């Protein structure tokens, strides 16, 4: 009966797949800090492959992303999509703009958000944007493994909340069971270039 709800940016405008957004926190000062593309020191990837957020807002602004809906050209709450850092790269690092979820990390006891994924394929990592119970939105990761293996055997609509774990003194985005990261979407675009 109800039609879906568009996700809005910080200016109140509907999210557009043709636009670029920073994923920013609802925090300030030492607790603020936008999402960015980084690398853990013990990664064996050839390119930065880690989704982090800065340790405070006193530093760089975040890495811009675009949102690629699984189907259609709108971006609604509770809609599967891929997330990709929308940045110029070298040719061999293109896949390391595309968000994915890594394997279970033994030490931190969860899966970390990484890049190196695909877009729009059965092996792609799909996320959803949902309204937070406080300000802004949460990201959810929705594995489609059972779905693609048996398209509708039975439907377990399982998604996991995206939060932060501290890794080598840095805020690493990761799957959490409680306290998801509250985020807003800040549109950015080029002026001149």
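Residue numbers count along the first chain shown, from 1.
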| field | Of 25 to 33 and 49 to 57, the one with larger mean CA B-factor | value | 25 to 33
| task | Averaging the C-alpha B factors as listed in the entry, name the stretch that ends up higher: 11 to 19 or 180 to 188. | result | 11 to 19
| request: Would you mind finding, among 125, 132, 63, 42, the residue with the largest C-alpha temperature factor in the entry? | output: 42
| Going by the deposited entry, which of 74, 121, 82, 95 has the highest CA temperature factor? | 74
| request: For residue 150, return the chain-relative third of its C-alpha B-factor as stated in the PDB record: lowest, middle or highest. | output: highest
| query | Ranked by Cα temperature factor within the chain, is residue 112 in the lowest third, the middle third or the highest third? | reply | middle
| request: Pull the Cα B-factor of residue 144 out of the PDB entry and bin it into the chain's lowest, middle or highest third. | output: highest
